[PDB]
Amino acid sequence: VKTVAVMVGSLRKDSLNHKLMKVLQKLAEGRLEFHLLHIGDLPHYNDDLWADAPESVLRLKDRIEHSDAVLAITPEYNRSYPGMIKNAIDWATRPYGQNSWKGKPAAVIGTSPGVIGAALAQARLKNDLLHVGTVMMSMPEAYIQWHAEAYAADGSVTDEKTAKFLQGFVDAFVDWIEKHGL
């Protein structure tokens, strides 16, 4: 089993990206073990805080470093991804010389109720995670328009086409981690 440090780019109760995380976790059970990064617990980045580092920042870095891979699951806000994710990215690259992300196999996925499926957010997040040294998966693209009727309450995917698609993403990520991980 490979461990995955997961960022979900939404805090709200009924987040679709949180639902997507659970769907992916269920599809991946037995092959990937997800551990959430608690990005909502991070203060806004402030370099002065390294004098007494926030526990949340220490925990963030420890989990990334102890995980085999990274997965980001992002909504799209105003045609890019949420700042809360970028704030987490930046915290874990520091202190200088201590970039936790370096060399980690990564992937990005996300969902929107709209047909664009968070594609613009995803492209930007792929670029920004590439620029902190991750080994970034590109295929298959997964710009998911959320359809509530395609999923069950337990996270099962009831729609066969959607299940095949998401399974293809999971399978690719498993293979990506095996090939490109440390």
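Throughout, we count residues from 1 along the sequence that is shown.
J.: Can you let me know which of the two, 121 to 129 or 25 to 33, has the higher average C-alpha B-factor in the entry?
T.: Higher mean C-alpha B-factor in the PDB entry: 25 to 33.
J.: Identify the stretch, either 148 to 156 or 64 to 72, whose C-alpha atoms have the larger mean B-factor according to the entry.
T.: The entry gives the higher C-alpha B-factor average to 148 to 156.
J.: Among the chain's modelled residues, which third holds the C-alpha B-factor of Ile39?
T.: Middle third.
J.: How does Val57 rank on Cα B-factor within its chain, lowest, middle or highest third?
T.: For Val57, whose C-alpha B-factor we compare with every modelled residue in the chain, the answer is the middle third.
J.: Which third of the chain does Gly103 land in by C-alpha B-factor: lowest, middle or highest?
T.: Middle third, going by the recorded CA B-factors of the chain.
J.: Going by what the PDB entry lists, where does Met137 fall on CA B-factor within its chain: lowest, middle or highest third?
T.: Answer is middle: the recorded C-alpha B-factor places it there.
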